[PDB]
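We begin with a single chain expressed as structure tokens, specifically the form solved without adenosine-5'-triphosphate.
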């Protein structure tokens, strides 16, 4: 999810992507680099090393980090010792940023002396060469010498990979082996309170920069936040350490001690070698959390006026607070929902000022929160106001957007606010907006956009939406190998450029269903794709070859598909049973091919795949998840998905066993659901205890599997659960718009509803949701990808997924997003009898 930032290349509506070598190496060394690892390996001579011994770590500050590798590595070659170091300055940053993992932070060079003797031998003569230098980050994993950047401790050298996941331990603190404890006592002997007035209960968070600690002042009982900043550790894009940031938080907290909204400074001192900022411990939630917990996501016809109250209250306080801050010449330089807190009585507080900057300064900040920023703002104070301006609309409609799409989605958003709230609240928002507009004009020449709401209208005609999204896709063909722009996964994942989920086949399949762009599709299939087939190892329905084979077969490439089918069993991944990428998805494809060709060899293969699924299930009951957005419940990556396979297999088999299995797999997924007490809506429960509606990981997925179970068998099982899931149609707003993870999921609800009067309401509800996202551009429609930061045309997040869902509604086909052979006939062919 944080990966998205890497794909916000300037001046594009699409997701597009934006060394420590030594001097004169002796031939006695083998050098291994890394397009994978952070480590640049140095193997010495020919002989390998002990599995575990005492190792030396060398840390280094930034100012001159090159002068510490130019020296230490050469004594690692004078004595001919084995070592490894970070690849590049870039890799240095990842290990030594605020963000970095403390466990192995600081570690720049790792030296491997064999054991005991050469270790102490080395550790001394290193410190003679690197003694006249700036100190680097202390490694909280190791022990230190004097004022030395030389560290040490015991651990494995070349970590084996075992059953429980060895790596032979590196922990946030210091440790001792129960084995070689004796030699530990040796070096012990060669090696040469202000916060005592606080009782530290617990720590909220730690980081590479330091901890944040809940403490009660010794005899006073006042709860305080204690913010640690250890020097030179936790670097910024700006190359500023934890300290420099802390002594900017300090300056600001005083300078606005008079503002009662701002957190109040208690004290600020030094200790061991660290620096501590003590502040007043505030109770409530950030606006992100407040929105998550308090926003009326479910549409009840008992009004939404309560929320209008609280928003108006919160925003006005915030308007005051920002004015106060700007009086004192300080801009809180990251104005966005994370940094605004709000107590149980809804008192607006600002808590972190590490990003504070003098208003009137035109310096690029270290950190920009996409969604609450614009490249138009060139001055610190104006950045605050723009933040607030966007935050204003956000509390009304909590749906992120980037500057690249804001030109479109402001229409959709503002129109939504009116249609759903009073005109009074619409006009409140739009006034407070323009109230911000020229608080900006104070700091900089800013000539704002003139918005007329009647220039964009929301669309509820399925044929119109499908037609216009198609015309969009046709107008948006890349002339390259991807065919369409899509999610970042086109670049991040194997086969992502070609597969059904994020690649060209998704669009080509969709365009084919709408009889559009035949020549463009034929060109892409012939010039690209067929040549890329041999390079896609994965067989997955969405992620790999099988979804592509569906496209290919429909388009007339029997010979290719039939040869692929011959190869399909022989080498088949068997650890994975999901619809996304495992045996269920493949099996579903294989059954569809059976139905189309009536070749009984495909039925046999389908039964072989089932046996593999049975085996996998027996082996262990833990599902394996490869995508970072994958969740082991529901239709895409869990057991509901596998039930799709059993149901389909049942249809071509008439064998009750498969039907009973289909049922059991749904039952199992239903155990991880939770019915809400107020609103009677059923959702799935994540492992992170998140509640999910979406097609990917959510209850809409489970409903689809119930529907298909019922479709093949002529039953009406799980009606109670079903009815509780269709109630999700009352959802207003979602984080994102896409079929898998966003609004598009909800389009699948109406396609499951038999009677029309009930359907038409549900359809209208879900089209209200779609219309937050559906972008009018030129004469046609396009669609925002994940987080509405850029447009996407793929199935996973973009317009192709929407089109398929919408055609699903028309056809009463909740399975229409699956890339199956034929598929216009699939329901008819799998129906009961």
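Residue numbers count along the first chain shown, from 1. Only the largest set of C-alpha atoms that superpose within 1.5 Å between the two forms is called the rigid core.
Keep in mind that the form solved in complex with adenosine-5'-triphosphate is not shown, yet the notes after this line are about it.
With adenosine-5'-triphosphate left out of view, choose which of 280, 294, 88, 363 has a non-hydrogen atom within 4.5 angstroms of it in the deposited bound form. After the contact test, the surviving option is 280.
Which one of 346, 528, 351, 451 is close to adenosine-5'-triphosphate in the deposited bound form, taking close to mean a heavy atom within 4.5 Å? Comparing distances to adenosine-5'-triphosphate in the deposited bound form, the residue within 4.5 Å is 351.
Mark residue 533 yes when one of its heavy atoms lies within 4.5 Å of a heavy atom of adenosine-5'-triphosphate in the deposited bound form, and no otherwise. Because no heavy atom of residue 533 falls inside 4.5 Å of adenosine-5'-triphosphate in the deposited bound form, the answer is no.
At 4.5 Å between heavy atoms, is residue 471 in contact with adenosine-5'-triphosphate in the deposited bound form? Residue 471 lies outside the contact set for adenosine-5'-triphosphate.
Spell out, yes or no, whether the shortest heavy atom distance between residue 480 and adenosine-5'-triphosphate in the deposited bound form is within 4.5 Å. The answer is no: residue 480 has no heavy atom within 4.5 Å of adenosine-5'-triphosphate.
Please tell me whether any heavy atom belonging to residue 760 falls inside 4.5 Å of a heavy atom of adenosine-5'-triphosphate, as the geometry stands in the deposited bound form. No, residue 760 is distant from the partner.
Stretch from 389 to 397, 202 to 210, 415 to 423, 734 to 742 whose residues place a heavy atom within 4.5 Å of adenosine-5'-triphosphate in the deposited bound form: The contacting stretch is 202 to 210.
Can you tell me which of these residues, 658, 428, 138, 509, is the one whose C-alpha shifts by at least 2 angstroms between the shown form and the other one after a rigid core fit? By this measure, the answer is 138.
Aligning on the rigid core, do we see the C-alpha of residue 545 shift 2 angstroms or more between the shown form and the other one? No, because once the rigid core is superposed, the C-alpha of residue 545 moves less than 2 Å between the shown form and the other one.
After fitting the rigid core, is the C-alpha of residue 566 off by 2 Å or more between the shown form and the other one? Superposed on the core, residue 566 moves its C-alpha less than 2 Å between the shown form and the other one.
Threshold 2 Å Cα movement between the shown form and the other one at residue 761, rigid core reference: No, its C-alpha moves less than 2 Å.
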